[PDB]
Amino acid sequence: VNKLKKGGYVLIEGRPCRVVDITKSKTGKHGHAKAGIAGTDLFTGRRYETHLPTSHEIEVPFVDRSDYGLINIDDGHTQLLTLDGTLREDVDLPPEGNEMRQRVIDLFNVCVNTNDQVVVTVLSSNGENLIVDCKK
Amino acid sequence: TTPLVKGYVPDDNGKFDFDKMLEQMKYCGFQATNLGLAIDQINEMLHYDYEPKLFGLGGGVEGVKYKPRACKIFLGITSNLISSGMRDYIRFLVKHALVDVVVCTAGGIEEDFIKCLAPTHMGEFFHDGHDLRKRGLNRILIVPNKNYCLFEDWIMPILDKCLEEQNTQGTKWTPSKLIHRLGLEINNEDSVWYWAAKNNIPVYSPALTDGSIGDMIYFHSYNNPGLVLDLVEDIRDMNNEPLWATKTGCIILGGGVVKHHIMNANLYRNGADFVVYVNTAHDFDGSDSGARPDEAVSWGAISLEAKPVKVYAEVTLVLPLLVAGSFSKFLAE
Amino acid sequence: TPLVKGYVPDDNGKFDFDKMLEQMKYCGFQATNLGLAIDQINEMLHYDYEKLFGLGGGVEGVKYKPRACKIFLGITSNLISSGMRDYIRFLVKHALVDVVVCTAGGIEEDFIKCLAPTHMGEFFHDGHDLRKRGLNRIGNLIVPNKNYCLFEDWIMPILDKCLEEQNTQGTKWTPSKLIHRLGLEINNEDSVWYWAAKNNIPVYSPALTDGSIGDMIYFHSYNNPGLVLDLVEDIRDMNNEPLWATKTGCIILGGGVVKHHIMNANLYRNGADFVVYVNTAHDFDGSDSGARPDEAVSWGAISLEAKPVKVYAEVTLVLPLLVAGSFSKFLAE
Amino acid sequence: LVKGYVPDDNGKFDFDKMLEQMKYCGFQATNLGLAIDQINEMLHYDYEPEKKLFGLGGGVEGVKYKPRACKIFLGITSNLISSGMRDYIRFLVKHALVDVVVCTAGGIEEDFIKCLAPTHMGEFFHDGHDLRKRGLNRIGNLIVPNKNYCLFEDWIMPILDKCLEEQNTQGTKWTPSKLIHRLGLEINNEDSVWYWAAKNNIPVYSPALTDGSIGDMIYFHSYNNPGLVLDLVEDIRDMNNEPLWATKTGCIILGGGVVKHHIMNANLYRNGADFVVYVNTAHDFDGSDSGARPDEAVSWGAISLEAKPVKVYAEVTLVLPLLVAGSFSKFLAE
Amino acid sequence: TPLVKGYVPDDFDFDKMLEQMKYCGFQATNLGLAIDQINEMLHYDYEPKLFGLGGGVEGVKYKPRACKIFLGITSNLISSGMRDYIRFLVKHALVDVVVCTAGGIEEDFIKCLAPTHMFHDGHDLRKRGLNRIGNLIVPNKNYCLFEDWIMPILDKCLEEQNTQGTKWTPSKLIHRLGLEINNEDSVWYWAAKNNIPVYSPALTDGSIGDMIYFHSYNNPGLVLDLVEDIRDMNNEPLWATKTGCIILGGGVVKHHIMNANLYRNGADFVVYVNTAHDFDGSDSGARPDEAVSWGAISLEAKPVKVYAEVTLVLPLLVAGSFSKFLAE
Ligand SMILES: NC(=O)c1ccc[n+]([C@@H]2O[C@H](COP(=O)([O-])OP(=O)(O)OC[C@H]3O[C@@H](n4cnc5c(N)ncnc54)[C@H](O)[C@@H]3O)[C@@H](O)[C@H]2O)c1
Ligand SMILES: NC(=O)c1ccc[n+]([C@@H]2O[C@H](COP(=O)([O-])OP(=O)(O)OC[C@H]3O[C@@H](n4cnc5c(N)ncnc54)[C@H](O)[C@@H]3O)[C@@H](O)[C@H]2O)c1
Ligand SMILES: NC(=O)c1ccc[n+]([C@@H]2O[C@H](COP(=O)([O-])OP(=O)(O)OC[C@H]3O[C@@H](n4cnc5c(N)ncnc54)[C@H](O)[C@@H]3O)[C@@H](O)[C@H]2O)c1
Ligand SMILES: NC(=O)c1ccc[n+]([C@@H]2O[C@H](COP(=O)([O-])OP(=O)(O)OC[C@H]3O[C@@H](n4cnc5c(N)ncnc54)[C@H](O)[C@@H]3O)[C@@H](O)[C@H]2O)c1
């Protein structure tokens, strides 16, 4: 928590959260020295609150941004070409309400019979992953 | 090289300039120096901004003007201020969403709703207590006994729906949530609580049972058992209120649980940025109500950066000028 | 129409401290009230009429006294930090005081004093300087920083156990019940609360969250969620406490929430019988703290028959003589 | 009916409207509105049965004066003249709306010193040892410097020598009030409240004049030039005689102390003051005269039983600006 | 840093409670520290000026002090039952000088003729011919008794002034009155018999001054000169090595003693008991630090103020300090 700068990552309640808030108290009537750390879940965009002491550490989750060529819409999992050239169908389109979902499909369609391919972005945290951007 | 005492001389013609008296209150000396410095602290709060959260956005009710602020304003009001004619100068502050959060004692929460239901009579400080009991008149300013009975008819249904909702929809009621729902229910523009419901302003009373609301909760529990109010969730909400803002300011008028709850909450924030205290209490007894701003800096409730101002005066005299020399100018501006 | 006659000292150099007290009622001003107050406390103790109280827990080695008197002590947080704690511990050990009503800071201080003692100071020290040196201030009394960490370590395991009983054995916790368990846990003769726990003396603080205990409840809620404290059940127990008594006697030392809670509770029997208020406050503000016993009569909190006595002084000066002129005589008697 | 003035949604606030409803706001604000009422009655008391008119004034040209049938006494504590309320007081004396003033030694000394040099502002919580170490004197949150009191010594010592000379040669008998009337006439600064009282023949009485800077000067002069005699016996006859002729009496006591008593004892002669406004910060529980409520004063017959006394429990620095704004200013314009 | 431990009542000794008062916090801490300041004044001896020698009256115990003590009593105190504790101080010459307002001076003499008695409607009290101060009411008949006694002494003082040329002042008149009352009960009689000066610069502000007004229209030419009195009151503190002020209340009594102590460059020991606060800017409400600012209290000295009514604090203060001196 001594290195917990804002804009870095932490696992709060099991949801990868980007630190967007942190307060530190020297000591006081409140009790011994405490610290409130706060972060927004990447998947649900929800900020969460935790309170902890000093001389401790919090789980950090390996998340890597990942672009793959959109090859086909397999009825919600999509054929995706990795940079290595292997094919992954594990990734599914973004859920409903997420306007990304329409921006992926509308851009697959603008591109399907044409010579331009769609590049998606699937930020990947361990097993978890979701298309967060697309582009021609 | 410090400032010179100097009052404003009244006009020979006879048309007094109240605006020029307000400006020269700071240089009169004694408690007038405090009133002028109190106006200055609030002016810093309303006109605060920085380049990166916006507060005072309001609930977007039509026909009302709101101006955005980078400062969060917590107002501590004792029951007296929501029982005196200071209600008109507080409804204005809430209607224009110039105050982000309010903390009030339970009689004050009960008074606004009873005031919107029924009016208050005038009276004297030296009135015989035994006689007033015979006439069933309470004293604070006389609020009649009949007035609480009209209030009872209103509050009992909202709690019954709250009990029904708690069992059926898993709604865990707390004191703040009952007040916000109660304010939405009043639907009277007169209410300071209705405006806070419309403009999304949270109201917190830690001892909500101490007051008329608590007696009504007691009678309802015998008729309909199992209502639960959780302080643990309320202390979770209240303590987090100051943490978010770039700066927070406390206008605590009066003293008591309200002075302590707002100051205690600001400890989690490392201290309140700006503060004005208006009360009639002295620090000799060792009490919290009379504790000077210096004692609050002792336990970390006030930021060492702040320049706290206390006006040792009855609020009924100090606040009408305080709205005139700060909030009225900014909203019209 | 009696004369104003003060005690005249002995020429040789012997001064009977008892003889000074015999003439207090006859010395005028606030001495008149202190002497008249001693009379009301004496009336409470010697009011036995053909309803069992002050029986105590039957602990061996402790003197106990007769029934026919429920005594409610309205103490504020300031008194427990002061050395008036020794007088309160003696009063509850012998069970003359049937109920404890106090704010959250007094509840926290009694326990921290057991873990660690209070220090003196004065009213004139930069509050900024004290906080730099990690020292909280309460009037001229400094409660050190370490005293709050010791309380946290002691209460944290007890709170986890309390949750386990609600989770496994379904015990519905309320604020008075938590204090009684903490009284048994301290198992220390020095604590006022321990004697109340042994003598079955209920402790009722309505806003428990407004203090260190409430701050402690909040930090536990994140690590172990689901702790619930109900005010609905507490108001049923606190309000019904006056109803079961031959007569009810209030000794409100201080003012604010504790004054209203004891008085509002006594409204249930149509008004308390014997009262002594010692507070440094006046009625010009219209505040609850400064109200005269007469305003309380208007609500119906004080019985019409009751002779309310208010000493406009500091309890720290009035209380040592007050026990001397009333309770000590009864125990030896 | 409890009520208030809502500041306008377009931010239009009438300060006059704020003042107009004070009476109906409740608590202390009700007392401030009631206080403005009795002070206005004092100015408008002029009535019809020769006739005795007060406020005729010095007759000085270029200054407005208005005649009134009611006689007004002003009790000023020493702090008020040190405060910026001196400017509001100068307005009443210049237009002669106040017939007589009873002021303690400290206030009398300050008006003459203020003309000589200005008083400085400050905070209540300042080290008393440090303030003395810096050679500064403190009256609340104000700081009158050490050098200023010396200036009063230079001016007063010549006038006192002339007073002794008149007593020896012309047989003049000097009382405290006569000494201040000469001192006011000789200030020569239009700033002085006392200069106007001297010009408009307003008698200023301090019973304990030696209890102040003037008294150390009087004492110091005695050793150099012995013989000065100040007779309280003549002053007591004049001051008690003051209330008799007036058709009605207006007692405005700001503060408490000997000044509240001096004027109040005098009002017993005509059986009591007819209109009284007291603004102070003291409580009757200690039995003191200073904190005594109007009712305690009614007990000894100092206030007319008919009179409705008003007490506002507040520092005067905050209540007097509204009291002058809501009463005398409008009457002079009328 | 000392601890906070109150006296533990025995499962009562009033003397032991008084020892722990300094340790019970708040205003009790001050009442305990105040008793200490009074003790220090009595037990201060410095080899070189003895004071409190007394009047030599037979049967009365008197003790030498290298300390001069000034007691400033507001009028309300002499009016109450505190008169007995003040009388004890003067009988044993423990207080060298007294400054009191015309009400206390008139009160001691009036009580000797007729006694003082113990929310009351103010209008009703005038209807019953009653004068009310706090909860103490002085009957209107009592003032007439004072009138009969003072008038002949005033006529004699004018006659002495006319023939023997004695120039009168307010202090001289009070000593003459104490000689006339001739009652050990009177605080002023023991002050006079013991040669203890009493000052009152606004003596005309009270019943004594109103009595002077009525006398002048019958026997004119009486002169009460303030100039001579200020010289005596200001010169009172200069001769000693140490001076002690016990000011019960605030006002002219507080200012007159403090201003006089400016001439010695400060008063060594002080105890203030008044229910007053500094917010109003008033002289009475001023805490000791304002009084230190003029230079009235020695910078070296440690001042004490008990924010309490004197009626509660003084009975414990005499018990905790002076009674020990006479016992010694
Ligand atoms: N009118 C009432 O005061 C009222 C009404 C109903 C119930 N209650 C209950 O009383 C308890 C204590 O009330 P509280 O916490 O509001 O404190 P309080 O009303 O006792 O006030 C405490 C202090 O606040 C200051 N103060 C209060 N009103 C003031 C005013 N108008 N002007 C200047 N200073 C003022 C004074 O210094 C006073 O000593 C709470 O439980 C509350 O619900 C009070
Ligand atoms: N030590 C503390 O004061 C302390 C500590 C922690 C929390 N708190 C919180 O502060 C809030 C209110 O504080 P409080 O309970 O101390 O009451 P308070 O400070 O509001 O006291 C109210 C009134 O009681 C009277 N009074 C207080 N102390 C007195 C004394 N020693 N002698 C005579 N009269 C006295 C005065 O009239 C005073 O204005 C509560 O919610 C409490 O939990 C206080
Ligand atoms: N600035 C000074 O007060 C001052 C200066 C020099 C000499 N003195 C001498 O001190 C003696 C006592 O002074 P005093 O008789 O003027 O009394 P004071 O100034 O001590 O005031 C006495 C009481 O008047 C009331 N009061 C005073 N100022 C007030 C204010 N601003 N607002 C409201 N109430 C207020 C309060 O009840 C106060 O306790 C006199 O002999 C005077 O000459 C005082
Ligand atoms: N008994 C009377 O009050 C009385 C009687 C006749 C005439 N007078 C005249 O009234 C004038 C003013 O009276 P004063 O200057 O003696 O005092 P004061 O009335 O000005 O008292 C000033 C302050 O002293 C404090 N105080 C007074 N008595 C106290 C007590 N017993 N315990 C604690 N604090 C106390 C209070 O804070 C009070 O506000 C004098 O000139 C006097 O002659 C008064």
# chains A, B, ... in the order shown; residues from 1 in each chain; ligands from 1
$ residues_around --residues "region 254-257 of chain B" --least-positions-apart "4" --cutoff "9 Å" --atoms "only C-alpha atoms" --output "list in words"
residues 76, 77, 78, 79, 80, 81, 104, 105, 205, 206, 207, 261, 262, 277, 278, 279, 280, 281, 288, 289, 290, 314 and 315 of chain B; 207, 210, 256, 257 and 287 of chain C
$ residues_around --residues "residue 33 (chain B)" --least-positions-apart "2" --cutoff "10 Å" --atoms "only C-alpha atoms" --output "number ranges by chain"
B: 5, 24-31, 35-38, 311; D: 121-123, 141, 317-318
$ select_by_dssp --residues "region 75-307 of chain E" --states "helix (DSSP H, G or I)" --output "PyMOL selection string"
chain E and resi 75-79+83-91+102-113+122-127+140-163+170-181+187-193+207-216+226-235+252-262+278-280+288-294
$ residues_around --residues "region 58-72 of chain E" --least-positions-apart "3" --cutoff "6 Å" --atoms "only C-alpha atoms" --output "PyMOL selection string"
chain E and resi 45+50-53+92+95-100+242-247+253
$ residues_around --residues "region 166-174 of chain B" --least-positions-apart "4" --cutoff "7 Å" --atoms "only C-alpha atoms" --output "list in words"
residues 162, 178, 228, 229, 230, 231, 233 and 234 of chain B
$ residues_around --residues "region 11-15 of chain A" --least-positions-apart "3" --cutoff "8 Å" --atoms "only C-alpha atoms" --output "ChimeraX atom specification"
/A:39,41-43,48,50,58-61
$ closest_residue --among "B:258, B:32, B:9, B:39" --to "ligand 1" --atoms "only C-alpha atoms and all ligand atoms"
B:258
$ closest_residue --among "B:63, B:108, B:286, B:85" --to "ligand 2" --atoms "only C-alpha atoms and all ligand atoms"
B:286
$ residues_near_ligand --ligand "ligand 2" --cutoff "7 Å" --atoms "only C-alpha atoms and all ligand atoms" --output "short mmCIF file (atom, residue, chain, number, x, y, z; two decimals) with N, CA, C and O atoms, in the first residue's frame"
data_model
loop_
_atom_site.label_atom_id
_atom_site.label_comp_id
_atom_site.auth_asym_id
_atom_site.auth_seq_id
_atom_site.Cartn_x
_atom_site.Cartn_y
_atom_site.Cartn_z
N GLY B 255 -24.69 23.34 18.42
CA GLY B 255 -23.67 22.38 18.90
C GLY B 255 -24.32 21.10 19.36
O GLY B 255 -25.54 21.10 19.55
N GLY B 256 -23.55 20.02 19.49
CA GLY B 256 -24.16 18.79 20.04
C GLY B 256 -23.72 17.57 19.26
O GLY B 256 -22.53 17.47 18.95
N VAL B 257 -24.66 16.65 19.02
CA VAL B 257 -24.35 15.45 18.19
C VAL B 257 -23.98 15.93 16.78
O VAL B 257 -23.04 15.36 16.20
N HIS B 260 -20.47 17.11 16.43
CA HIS B 260 -19.56 15.95 16.48
C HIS B 260 -19.66 15.06 15.23
O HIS B 260 -18.60 14.68 14.73
N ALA B 281 -21.95 29.08 23.60
CA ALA B 281 -21.41 28.13 24.59
C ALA B 281 -19.94 28.43 24.83
O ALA B 281 -19.30 28.90 23.88
N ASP B 285 -16.37 24.53 30.80
CA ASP B 285 -16.99 23.30 31.37
C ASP B 285 -16.34 22.02 30.84
O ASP B 285 -16.56 20.97 31.46
N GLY B 286 -15.57 22.09 29.75
CA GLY B 286 -14.96 20.89 29.15
C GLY B 286 -15.89 20.22 28.17
O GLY B 286 -15.52 19.16 27.66
N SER B 287 -17.04 20.83 27.88
CA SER B 287 -18.08 20.23 26.99
C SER B 287 -17.63 20.24 25.53
O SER B 287 -16.70 21.00 25.22
N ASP B 288 -18.24 19.41 24.69
CA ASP B 288 -17.93 19.41 23.24
C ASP B 288 -18.64 20.59 22.58
O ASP B 288 -18.05 21.22 21.70
N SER B 289 -19.87 20.88 22.99
CA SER B 289 -20.66 21.96 22.34
C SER B 289 -19.92 23.29 22.44
O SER B 289 -19.89 24.02 21.44
N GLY B 290 -19.34 23.59 23.59
CA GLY B 290 -18.67 24.87 23.79
C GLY B 290 -17.23 24.80 23.36
O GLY B 290 -16.56 25.83 23.37
N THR C 76 -22.51 12.84 31.20
CA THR C 76 -22.07 13.18 29.82
C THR C 76 -20.66 12.61 29.63
O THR C 76 -20.11 12.12 30.62
N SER C 77 -20.11 12.68 28.41
CA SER C 77 -18.79 12.06 28.15
C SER C 77 -17.69 12.79 28.93
O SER C 77 -16.69 12.13 29.29
N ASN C 78 -17.86 14.09 29.19
CA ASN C 78 -16.81 14.89 29.87
C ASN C 78 -16.58 14.38 31.30
O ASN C 78 -15.40 14.30 31.70
N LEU C 79 -17.64 14.04 32.02
CA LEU C 79 -17.51 13.64 33.45
C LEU C 79 -16.67 12.37 33.58
O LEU C 79 -15.86 12.30 34.52
N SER C 81 -14.28 11.23 31.66
CA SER C 81 -12.84 11.54 31.46
C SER C 81 -12.27 12.22 32.70
O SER C 81 -11.08 12.02 32.98
N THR C 103 -23.33 9.20 26.86
CA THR C 103 -22.98 9.30 25.42
C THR C 103 -21.84 8.35 25.06
O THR C 103 -21.20 7.86 25.99
N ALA C 104 -21.57 8.14 23.77
CA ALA C 104 -20.57 7.14 23.31
C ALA C 104 -19.15 7.38 23.82
O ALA C 104 -18.44 6.39 24.02
N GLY C 105 -18.76 8.63 24.04
CA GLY C 105 -17.38 8.96 24.47
C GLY C 105 -17.12 8.55 25.90
O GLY C 105 -15.99 8.14 26.19
N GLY C 106 -18.10 8.70 26.79
CA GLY C 106 -17.95 8.21 28.17
C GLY C 106 -17.83 6.70 28.18
O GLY C 106 -17.00 6.18 28.94
N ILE C 138 -9.60 17.29 25.79
CA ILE C 138 -11.02 17.34 26.27
C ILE C 138 -11.01 18.34 27.43
O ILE C 138 -10.76 17.91 28.57
N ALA C 207 -27.16 7.06 20.56
CA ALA C 207 -26.30 7.23 19.37
C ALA C 207 -24.93 6.61 19.63
O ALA C 207 -23.97 7.38 19.69
N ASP C 210 -21.85 7.45 17.34
CA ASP C 210 -21.22 8.80 17.42
C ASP C 210 -20.10 8.77 18.45
O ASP C 210 -20.28 9.34 19.53
N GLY C 211 -18.98 8.15 18.12
CA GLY C 211 -17.84 8.05 19.04
C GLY C 211 -16.82 7.06 18.53
O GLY C 211 -16.93 6.70 17.35
N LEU C 253 -26.25 15.23 35.19
CA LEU C 253 -25.05 16.07 35.31
C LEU C 253 -24.61 16.35 33.89
O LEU C 253 -24.02 15.46 33.28
N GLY C 254 -24.86 17.56 33.40
CA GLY C 254 -24.60 17.85 31.98
C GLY C 254 -25.91 18.06 31.26
O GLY C 254 -26.94 18.20 31.95
N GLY C 255 -25.89 18.09 29.92
CA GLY C 255 -27.12 18.33 29.13
C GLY C 255 -26.97 17.75 27.74
O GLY C 255 -25.92 17.16 27.48
N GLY C 256 -28.00 17.88 26.91
CA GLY C 256 -27.94 17.40 25.51
C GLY C 256 -28.76 16.14 25.30
O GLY C 256 -29.93 16.12 25.73
N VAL C 257 -28.18 15.13 24.66
CA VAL C 257 -28.93 13.88 24.35
C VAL C 257 -29.32 13.18 25.65
O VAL C 257 -30.48 12.72 25.75
N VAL C 278 -27.16 19.80 36.92
CA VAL C 278 -25.97 20.65 37.12
C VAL C 278 -25.38 20.86 35.73
O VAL C 278 -24.78 19.92 35.21
N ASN C 279 -25.62 22.02 35.12
CA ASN C 279 -25.12 22.32 33.75
C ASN C 279 -24.79 23.80 33.65
O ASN C 279 -25.49 24.60 34.28
N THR C 280 -23.74 24.14 32.91
CA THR C 280 -23.37 25.55 32.70
C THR C 280 -24.11 26.12 31.49
O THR C 280 -23.41 26.46 30.51
N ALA C 281 -25.44 26.25 31.53
CA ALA C 281 -26.18 26.70 30.33
C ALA C 281 -27.43 27.51 30.68
O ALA C 281 -27.95 27.30 31.78
N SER C 289 -30.00 22.02 25.93
CA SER C 289 -29.00 22.00 27.03
C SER C 289 -29.28 23.10 28.05
O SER C 289 -29.20 22.80 29.25
N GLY C 290 -29.63 24.30 27.61
CA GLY C 290 -29.81 25.45 28.52
C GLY C 290 -31.21 25.59 29.08
O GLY C 290 -31.43 26.50 29.88
N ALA C 313 -23.97 25.51 37.83
CA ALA C 313 -22.53 25.44 38.16
C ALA C 313 -21.89 24.31 37.35
O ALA C 313 -22.57 23.73 36.49
N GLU C 314 -20.61 24.05 37.62
CA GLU C 314 -19.91 22.92 36.96
C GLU C 314 -20.02 21.70 37.88
O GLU C 314 -19.78 21.86 39.09
N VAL C 315 -20.40 20.55 37.32
CA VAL C 315 -20.57 19.31 38.13
C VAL C 315 -19.26 19.00 38.85
O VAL C 315 -19.32 18.49 39.98
N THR C 316 -18.12 19.34 38.24
CA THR C 316 -16.83 18.92 38.84
C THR C 316 -16.66 19.58 40.22
O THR C 316 -15.97 18.99 41.06
N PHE E 26 -11.41 20.16 35.43
CA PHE E 26 -12.28 21.35 35.18
C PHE E 26 -12.15 22.46 36.22
O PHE E 26 -11.00 22.81 36.54
#
$ interface_residues --of "chain B" --to "chain A" --cutoff "7 Å" --atoms "only C-alpha atoms" --output "PyMOL selection string"
chain B and resi 268+270+299
$ interface_residues --of "chain D" --to "chain C" --cutoff "10 Å" --atoms "only C-alpha atoms" --output "PyMOL selection string"
chain D and resi 26-28+125+127+283+285-287+312-314
$ select_by_dssp --residues "chain A" --states "strand (DSSP E or B)" --output "VMD selection string"
chain A and resid 9 to 12 15 to 24 28 31 35 to 41 47 to 52 63 to 64 67 to 73 78 to 81 87 to 88 119 to 125 128 to 135
$ residues_near_ligand --ligand "ligand 4" --cutoff "7 Å" --atoms "only C-alpha atoms and all ligand atoms" --output "number ranges by chain"
D: 256-258, 261, 282, 286-291; E: 74-77, 79, 101-104, 133, 202, 205-206, 248-253, 273-276, 284-285, 308-311
$ write_last_selection --atoms "C-alpha atoms" --output "PDB file, in the first residue's frame"
ATOM      1  CA  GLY D 256     -23.927  47.267  32.419  1.00  0.00           C
ATOM      2  CA  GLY D 257     -21.981  48.364  35.514  1.00  0.00           C
ATOM      3  CA  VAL D 258     -21.964  51.687  37.420  1.00  0.00           C
ATOM      4  CA  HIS D 261     -26.960  51.926  38.099  1.00  0.00           C
ATOM      5  CA  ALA D 282     -25.009  38.826  31.500  1.00  0.00           C
ATOM      6  CA  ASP D 286     -25.508  35.494  40.204  1.00  0.00           C
ATOM      7  CA  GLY D 287     -27.656  38.260  41.696  1.00  0.00           C
ATOM      8  CA  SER D 288     -25.407  40.910  40.153  1.00  0.00           C
ATOM      9  CA  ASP D 289     -26.638  44.339  39.127  1.00  0.00           C
ATOM     10  CA  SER D 290     -24.839  44.028  35.732  1.00  0.00           C
ATOM     11  CA  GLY D 291     -26.710  40.838  34.747  1.00  0.00           C
TER      12      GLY D 291
ATOM     13  CA  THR E  74     -18.584  43.269  44.830  1.00  0.00           C
ATOM     14  CA  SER E  75     -21.665  44.459  46.767  1.00  0.00           C
ATOM     15  CA  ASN E  76     -23.585  41.141  46.310  1.00  0.00           C
ATOM     16  CA  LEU E  77     -21.048  39.274  48.537  1.00  0.00           C
ATOM     17  CA  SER E  79     -25.216  41.154  50.959  1.00  0.00           C
ATOM     18  CA  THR E 101     -18.786  49.442  46.162  1.00  0.00           C
ATOM     19  CA  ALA E 102     -21.304  51.760  47.960  1.00  0.00           C
ATOM     20  CA  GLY E 103     -23.730  48.803  48.220  1.00  0.00           C
ATOM     21  CA  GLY E 104     -21.409  46.565  50.239  1.00  0.00           C
ATOM     22  CA  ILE E 133     -30.761  41.232  44.511  1.00  0.00           C
ATOM     23  CA  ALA E 202     -17.801  55.972  43.410  1.00  0.00           C
ATOM     24  CA  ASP E 205     -23.090  55.702  43.450  1.00  0.00           C
ATOM     25  CA  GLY E 206     -25.348  54.026  46.062  1.00  0.00           C
ATOM     26  CA  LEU E 248     -14.546  38.180  44.296  1.00  0.00           C
ATOM     27  CA  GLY E 249     -16.470  39.585  41.314  1.00  0.00           C
ATOM     28  CA  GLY E 250     -15.324  42.164  38.709  1.00  0.00           C
ATOM     29  CA  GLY E 251     -15.803  45.885  37.938  1.00  0.00           C
ATOM     30  CA  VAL E 252     -14.663  49.086  39.738  1.00  0.00           C
ATOM     31  CA  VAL E 253     -13.431  46.890  42.654  1.00  0.00           C
ATOM     32  CA  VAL E 273     -13.876  34.286  41.140  1.00  0.00           C
ATOM     33  CA  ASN E 274     -16.508  35.665  38.687  1.00  0.00           C
ATOM     34  CA  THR E 275     -19.125  34.219  36.301  1.00  0.00           C
ATOM     35  CA  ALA E 276     -17.887  36.292  33.295  1.00  0.00           C
ATOM     36  CA  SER E 284     -14.946  42.184  34.189  1.00  0.00           C
ATOM     37  CA  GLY E 285     -15.110  39.279  31.700  1.00  0.00           C
ATOM     38  CA  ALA E 308     -17.777  30.012  39.460  1.00  0.00           C
ATOM     39  CA  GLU E 309     -20.117  31.889  41.848  1.00  0.00           C
ATOM     40  CA  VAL E 310     -18.112  33.018  44.941  1.00  0.00           C
ATOM     41  CA  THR E 311     -20.927  31.664  47.153  1.00  0.00           C
TER      42      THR E 311
END
$ decode --residues "region 287-294 of chain D" --atoms "N, CA and C atoms" --output "compact mmCIF listing (two decimals), in the first residue's frame"
# COMPACT_ATOMS: atom_id res chain seq x y z
N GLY D 287 -27.16 37.15 40.91
CA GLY D 287 -27.66 38.26 41.70
C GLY D 287 -27.00 39.59 41.42
N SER D 288 -26.14 39.68 40.41
CA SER D 288 -25.41 40.91 40.15
C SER D 288 -26.33 41.98 39.58
N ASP D 289 -25.96 43.24 39.81
CA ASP D 289 -26.64 44.34 39.13
C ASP D 289 -26.41 44.29 37.62
N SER D 290 -25.17 44.01 37.19
CA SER D 290 -24.84 44.03 35.73
C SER D 290 -25.73 43.07 34.95
N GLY D 291 -25.88 41.84 35.44
CA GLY D 291 -26.71 40.84 34.75
C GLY D 291 -28.17 40.93 35.11
N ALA D 292 -28.52 41.85 36.01
CA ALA D 292 -29.91 41.91 36.50
C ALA D 292 -30.86 42.11 35.32
N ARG D 293 -31.94 41.36 35.31
CA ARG D 293 -32.94 41.46 34.22
C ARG D 293 -33.68 42.79 34.38
N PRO D 294 -34.45 43.29 33.38
CA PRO D 294 -35.24 44.50 33.60
C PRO D 294 -36.14 44.35 34.82
